[PDB]
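Below is one structure, written out as structure tokens; comments come after it.
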Amino acid sequence: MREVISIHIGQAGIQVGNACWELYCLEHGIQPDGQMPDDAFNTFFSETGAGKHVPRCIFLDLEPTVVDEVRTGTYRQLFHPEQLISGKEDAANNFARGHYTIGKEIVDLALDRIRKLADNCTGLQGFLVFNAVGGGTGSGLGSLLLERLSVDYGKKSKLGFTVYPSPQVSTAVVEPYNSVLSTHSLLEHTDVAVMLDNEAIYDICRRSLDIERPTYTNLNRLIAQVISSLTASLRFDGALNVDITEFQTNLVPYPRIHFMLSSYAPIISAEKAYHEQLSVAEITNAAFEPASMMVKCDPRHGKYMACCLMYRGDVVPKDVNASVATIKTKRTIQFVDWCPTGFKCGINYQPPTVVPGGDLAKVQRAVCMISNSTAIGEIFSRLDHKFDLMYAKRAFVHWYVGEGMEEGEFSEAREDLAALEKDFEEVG
Amino acid sequence: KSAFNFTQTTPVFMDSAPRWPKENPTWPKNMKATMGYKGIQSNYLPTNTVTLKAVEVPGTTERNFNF
Ligand SMILES: Nc1nc2c(ncn2[C@@H]2O[C@H](COP(=O)(O)OP(=O)(O)OP(=O)(O)O)[C@@H](O)[C@H]2O)c(=O)[nH]1
Ligand SMILES: [Mg+2]
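Chain order of the listed sequences is D and H. So the first sequence is residues 1 to 37, 46 to 436, counted in the deposited numbering. Whatever position you read off the second sequence (first residue = 1), add 69 for the deposited numbering.
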């Protein structure tokens with residue numbers, strides 16, 4: 001009854017699907033072979057006629073070279089073999105191919121799954137879109153898929169966890185372009201869009217985790233710790249159980265501004281816990297610390313329109329309202345005037361679970377903050393520079409125009425960004 | 070103004086003995102009641118006690134309510 005649909009698009013889409021679904025199988029005692037030795049799992053699974061607990065998700069991609077790893081990995085008895093969708097040829101880091109040529113010939117298949125994935129669903133909270141902006145499959149298929157989801161349901165909520173291109177780290181050259189094209193299609197179609205950059209999560213692994221050989225498998229073990237904290241209320245008892253609609257009402261002031269930041273705390277090695285107490289007071293000071301952001305944005309250059317705090321573990325509300333109160337007084341944190349409030353707080357009694365072989369530590373208090381700030385214009389203006397720096401020469405255009413696209417789709421998707429950055433200044 | 074015997078003209082012949090709902094040295098004046106205010110107002114719960122401050126910086130609002 002309190003159920004969501006978890007979509008994974010692209011490579012990083014399924015790269016985090018392997019971290020998230022290694023968590024819920026472990027957080028509920030679900031063995032890799034489906035069965036375990046209600047509503048604690050009904051948010052993510054579906055008990056069949058006998059014993060088996062299949063998940064409710066969909067792995068979508070164009071290169072089999074990764075979706076087949078799931079078919080050969082230890083989680084092969086888990087998924088319905090039709091959920092693991094894959095293609096023959098790939099998008100080749102080209103937004104057009106993922107949108108016009110190849111996208112149009114598998115969405116008709118993916119959509120049938122969702123229809124057969126929503127009939128058993130009795131009360132659907134909202135879709136859950138794990139996306140990686142910057143590639144043809146991530147940006148093209150994701151864009152084409154979201155529009156199809158809007159015209160089918162519309163009233164259902166889409167949450168966009170989209171990895172965003174970082175300032176320094178860039179595993180591609182044309183990733184500015186398809187990152188721009190994604191906006192015009194995600195903005196009107198996602199209900200709320202969280203952002204996070206592969207660079208910001210790298211430094212988190214430097215100061216806090218003190219892990220010097222970080223890898224994509226490390227970072228994904230952090231994102232799964234967010235969604236686990238985000239949907240704890242959906243499946244675990246706790247004071248101030250916070251659903252999705254509640255979470256969404258008091259965070260998005262205007263239909264445009266739904267690009268928000270994230271954080272997590274405490275993030276520590278399993279040994280520095282021996283040098284700290286990690287009180288509710290201490291953690292919430294670190295959630296608002298700029299170095300604990302999962303995106304390379306600086307909230308001290310902007311203002312806060314709202315925040316949402318999902319605590320976990322041995323936490324009582326008498327200490328939440330106290331630590332929040334000593335933050336509105338802090339000078340560094342500037343709240344835009346038209347919200348004297350700004351905090352929706354959530355508590356759970358189920359502490360964060362730890363995976364064997366992970367880097368975090370077993371703790372009894374943990375915080376995940378998700379703030380809607382007007383400093384988010386920074387990371388959004390860098391793109392407006394690299395796009396205008398390369399597009400001045402029409403570099404790499406002959407690939408996009410050769411795949412059933414045109415020259416208008418560049419200038420069009422460019423104004424939408426300017427149309428957006430004003431909205432992050434009208435709120436001054 | 071006859072049949073009234075006004076106070077301004079009542080020779081000490083006429084005189085009254087005060088009765089209970091009135092203070093007098095003979096009967097005890099039992100305890101009374103007053104309102105005691107909320108406490109020192111703040112942005113967290115109001116308290117009676119004054120505490121130290123880490124960030125002094127004249128004319129600024131910084132506290133540590135959580136201790
Ligand atoms: N946090 C995280 N980011 C990843 C991971 N893998 C890739 N990325 C980033 O995703 C971006 C590219 O997205 P991809 O999914 O690999 O490409 P695509 O969307 O499938 O499109 P095609 O390459 O044409 O198939 C790069 O910037 C990567 O840094 C991962 O495992 N974890
Ligand atoms: Mg790819």
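Ideal Cβ positions, reconstructed from N, Cα and C, are used throughout, including at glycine.
Q.
Let me check one thing: in DSSP terms, what residues is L132 of chain D bridge-paired to?
A. Taking the first residue of the first sequence as 1, we reach residue 132 of chain D at position 124. Per the DSSP secondary-structure output, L132 of chain D pairs in a beta bridge with D:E3.
Q: Could you please tell me which residues of the region 331-359 of chain D, in chain order, have their CB closer than 9 Å to any CB of chain H?
A: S331, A333, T334, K336, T337, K338 and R339
Q) Can you tell me the Cα-Cα spacing of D392 of chain D and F67 of chain D, whole angstroms? A) Position 384 of the first sequence, counted from the start, is the residue given in the question as residue 392 of chain D. Position 59 of the first sequence, counted from the start, is the residue given in the question as residue 67 of chain D. Rounded to the nearest angstrom, the two C-alpha atoms are 31 Å apart.
Q) For ligand 3, which residues have a Cβ under 7 Å from at least one heavy atom, in chain order? A) In the structure on display, ligand 3 does not appear, and the ligands it does have are ligand 1 and ligand 2.
Q | Three-state secondary structure assigned by DSSP to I93 of chain D | A | Taking the first sequence and counting its residues from 1, one reaches residue 93 of chain D at position 85. Coil at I93 of chain D, not helix or strand.
Q) Can a CB atom of chain H be found closer than 8 Å to the CB of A247 of chain D? A) The residue given as residue 247 of chain D occupies position 239 in the first sequence. No, no contact with chain H.
Q. Using a Cβ-Cβ distance under 8 Å, would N117 of chain H count as near chain D?
A. In the second sequence, counting from the first residue as 1, residue 117 of chain H sits at position 48. Taking Cβ atoms only, chain D never reaches closer than 8 Å to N117 of chain H, which makes this a no.
Q: Please name the residue, chosen from D:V74, D:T253, D:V409 and D:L86, that lies closest to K60 of chain D on a Cα-to-Cα basis.
A: Sequence index remark: in the first sequence, residue 60 of chain D carries index 52 (1-based). Nearest option by C-alpha distance: D:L86.
(Q) For ligand 1, I want to know if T73 of chain D counts as a neighbour, meaning its beta carbon is within less than 7 Å of at least one of the ligand's heavy atoms. (A) For the purposes of this step, residue 73 of chain D is taken as the residue at position 65 of the first sequence. Flag unset: Cβ of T73 of chain D not near ligand 1.
Q. Could you check where the alpha helix (DSSP H) with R156 of chain D kicks off and where it finishes?
A. Translated into positions along the first sequence, residue 156 of chain D becomes position 148. Counting along the chain, the alpha helix (DSSP H) containing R156 of chain D begins and ends at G150 to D160.
Q. Is any beta-carbon of chain D found at less than 8 Å from that of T129 of chain H?
A. Numbered from its first residue, the second sequence carries residue 129 of chain H at position 60. Judged by the 8 Å Cβ criterion, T129 of chain H is in contact with chain D.
Q: Note down, in chain order, each residue of its chain lying with its Cβ closer than 7 Å to the Cβ of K304 of chain D, except the 5 sequence neighbours on either side.
A: In the first sequence, counting from the first residue as 1, residue 304 of chain D sits at position 296. Excluding residues within five positions, the ones whose Cβ falls inside 7 Å are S174, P175, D205, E207, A208 and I387.
Q) Within this structure, are the beta carbons of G321 of chain D and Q256 of chain D separated by less than 8 Å? A) Position 313 of the first sequence holds residue 321 of chain D. Position 248 of the first sequence holds residue 256 of chain D. No, these two residues do not count as a Cβ contact at 8 Å.
Q) Can you list the residues of chain D that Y113 of chain H reaches, using a CB-CB cut of under 7 Å? A) In the second sequence, residue 113 of chain H corresponds to position 44, counting from 1. What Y113 of chain H touches in chain D: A330 and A333.
Q.
Runs of 4 residues minimum, wholly inside the region 243-321 of chain D: which ones carry the alpha helix (DSSP H) assignment?
A. 252-257 and 288-295
**Q.** Proximal residues of chain D, C-beta to C-beta of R88 of chain H below 8 Å
**A.** Mapped onto the second sequence, residue 88 of chain H falls at position 19. The contacting residues do not exist; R88 of chain H stays about 53 Å from chain D at best.
Q: From the DSSP output, in three-state form, read off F87 of chain D for me.
A: Counting from one through the first sequence, the residue named residue 87 of chain D turns up at place 79. DSSP places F87 of chain D in coil when its eight states are reduced to three.
Q. For a contact meaning CB atoms closer than 7 Å, what does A289 of chain D contact in chain H?
A. Sequence index remark: in the first sequence, residue 289 of chain D carries index 281 (1-based). Ordered by position in chain H, the residues that pass the 7 Å Cβ test against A289 of chain D are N135.
Q) So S271 of chain D and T361 of chain D are in contact, right, with Cβ under 8 Å, and what is the actual spacing, rounded? A) Mapped onto the first sequence, residue 271 of chain D falls at position 263. Mapped onto the first sequence, residue 361 of chain D falls at position 353. Actually they do not touch by this definition, with Cβ atoms about 19 Å apart.
Q. Where does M398 of chain D sit, in a helix, a strand or coil, going by DSSP?
A. For the purposes of this step, residue 398 of chain D is identified with residue 390 of the first sequence, where counting begins at 1. Looking at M398 of chain D - three-state DSSP - the assignment turns out to be helix.
**Q.** Distance between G143 of chain D and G111 of chain D (C-alpha atoms, nearest Å)
**A.** For this step, residue 111 of chain D is matched to residue 103 along the first sequence. For this step, residue 143 of chain D is matched to residue 135 along the first sequence. Roughly 13 Å between the two C-alpha positions.
Q. In this structure, what does DSSP give as the bridge partners for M377 of chain D?
A. Walking along the first sequence from the start, residue 377 of chain D turns up at place 369. Paired residue(s): D:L317.
Q) Can the beta-carbon of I7 of chain D be found closer than 8 Å to that of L136 of chain D? A) For the purposes of this step, residue 7 of chain D is identified with residue 7 of the first sequence, where counting begins at 1. For the purposes of this step, residue 136 of chain D is identified with residue 128 of the first sequence, where counting begins at 1. Result yes, Cβ atoms of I7 of chain D and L136 of chain D sit closer than 8 Å.
Q) For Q233 of chain D, is the beta carbon positioned less than 7 Å from some heavy atom of ligand 1? A) The count along the first sequence starts at 1 and reaches residue 233 of chain D at position 225. Outside the cutoff, so no.
Q: Report the rounded CA-to-CA distance for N249 of chain D versus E92 of chain H, giving the unit in angstroms.
A: Within the first sequence, residue 249 of chain D is the residue found at index 241, counting from 1. Within the second sequence, residue 92 of chain H is the residue found at index 23, counting from 1. Cα to Cα, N249 of chain D sits roughly 59 Å from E92 of chain H.
Q: Please say whether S241 of chain D and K311 of chain D have beta carbons closer to each other than 8 Å?
A: Translated into the one-based positions of the first sequence, residue 311 of chain D becomes position 303. Translated into the one-based positions of the first sequence, residue 241 of chain D becomes position 233. The answer is no: Cβ separation not under 8 Å.
**Q.** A180 of chain D CB to nearest heavy atom of ligand 1 below 7 Å
**A.** By one-based count along the first sequence, residue 180 of chain D stands at place 172. Result yes, Cβ under 7 Å from ligand 1.
**Q.** 8 Å Cβ shell around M268 of chain D - same chain, five flanking residues per side excluded
**A.** Counting from one through the first sequence, the residue named residue 268 of chain D turns up at place 260. Here the set comprises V200, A201, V202, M203, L259, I378, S379, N380, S381 and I384.
Q.
For a test of your reading of the model: does the CB of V78 of chain D fall under 7 Å from any non-hydrogen atom of ligand 1? Yes or no.
A. Here residue 78 of chain D is taken as the residue at index 70 of the first sequence, counted from 1. Every heavy atom of ligand 1 is 7 Å or more from the Cβ of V78 of chain D, so no.
Q. Does the Cβ of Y282 of chain D lie closer than 7 Å to at least one heavy atom of ligand 1?
A. Position 274 of the first sequence, counted from the first residue, corresponds to residue 282 of chain D. Judged by the Cβ position, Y282 of chain D fails to qualify as a neighbour of ligand 1 at the 7 Å threshold, every heavy atom of the ligand being at least this far.
Q: Flag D322 of chain D as yes if its beta-carbon sits less than 8 Å from any beta-carbon of chain H, otherwise no.
A: Numbered from 1 along the first sequence, position 314 holds the residue referred to as residue 322 of chain D. Chain H, which has no Cβ nearer than 8 Å to the Cβ of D322 of chain D, makes this no.
Q) Any idea if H266 of chain D is buried or exposed, counting beta-carbon neighbours within 10 angstroms, 16 or more meaning buried? A) Sequence index remark: in the first sequence, residue 266 of chain D carries index 258 (1-based). Counting Cβ neighbours within 10 Å, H266 of chain D comes out buried, since at least 16 surround it.
Q: Tell me whether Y113 of chain H sits in a helix, a strand or coil according to DSSP, three-state version.
A: Taking the second sequence and counting its residues from 1, one reaches residue 113 of chain H at position 44. Per DSSP, reduced to three states, the secondary structure at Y113 of chain H is coil, with no helix or strand assignment.
**Q.** Cβ pair count under 8 Å reaching 3, the region 115-126 of chain D against the region 72-80 of chain D
**A.** no
Q: Can you tell me which of the three DSSP states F52 of chain D falls into?
A: For the purposes of this step, residue 52 of chain D is taken as the residue at position 44 of the first sequence. Coil at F52 of chain D, not helix or strand.
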